C-alpha cells in the first residue's frame, strides 16, 4: 500500500517511488507507469507480487500524489530517471513491466540497460500498430489547451469500453483527477513523437540491438484484427509472445491483477533459471 512510498532527488528533480525493500533473490520487478498516472495504478499488482519479489515503481517528473508542473521531458528522460533510482537503490538485475505507453520507456530501458541487467520485458495493453484515426484524434485533443479535457474523456470512454468497472473508474476519475494540461498535453506530444520517430512499438522492439524475450499481455483492442497483428509479429519473432487477457479495460494491472501476476512470475522464473 502507501507504506512503501519514498522520495529521492534524481538529478534535478524530487521523484517519488514505491519500493517494498523486499530482501530476496533477483530480479527486481520494475513496474513502469504510463503518462499522467502514478504508482496507485499498481496497488493490486504489488499485492500479488509483494511477498516474493522486490517491487519498485518509479513516478515520472511531475507525477505522484502531488502532481506538479515541470519542464519538458520525454521517454529518454524517463529512462535516465528509472535507472538513477535503480542505481541509488543498489538494484542490478530487473524485469521491467510497463503500462501502455510506458512501453516507450520499457523498450528504451531494455536497450540502455542491456540483456544482462534487463534480460526480458512485459508490456501491458500497448497499441502495437501506428495510430488509427480515433487514437490520433485523441492525441491531437490532449495537445490542445482548449480541448485537452475533452481528450481525456474520449480516452476514458475507450479505456472503460462500456464497463461499469468500479476499480478502474476509481483510478481514472479520482487517482488521475489532479493531473492537468502540463501532463496531458505532454503525453500527447511525447506519444505522437514516439510513433513518428520509431514507427511503432513493434518496429522499436524489432530494432533493439539485442532482442530478447518480450511478452505483450493485453485486454484491448478486443477485435480479431488486433490479435492478428500480435500473432503475425509473434510468428515472425522467436523472442516475442503475447497473451490476450480478456479483462474488461485498458488497465489489466487493476482489473486482472492475478493474470498479470502469473505472466510476470513466469518471466521472473525463466530469468532465475538462468
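Positions refer to the first chain, counted from 1.
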Original post:
Of the two stretches 70-78 and 157-165, which shows the higher Cα B-factor on average in the entry?
Top reply: 70-78
Original post:
So 48-56 or 245-253, which one's hotter by mean CA B-factor in the entry?
Top reply: 48-56
**OP:** Could you check 170, 197, 101, 186 and tell me which one carries the biggest Cα B-factor in the deposited entry?
**Re:** 197
**OP:** State the tercile, meaning the lowest, middle or highest third, of residue 34 with respect to the CA B-factors recorded for its chain.
**Re:** lowest
Original post:
With respect to C-alpha B-factor, does residue 15 fall in the lowest, middle or highest third of the chain as deposited?
Top reply: highest
Original post:
Sorting the chain's CA B-factors, does residue 220 end up in the lowest, middle or highest third?
Top reply: lowest
Original post:
Should residue 97 be placed in the lowest, middle or highest third of its chain by the C-alpha B factor in the entry?
Top reply: lowest
**OP:** Sorting the chain's modelled residues by C-alpha B-factor, tell me whether residue 115 ends up in the lowest, middle or highest third.
**Re:** highest
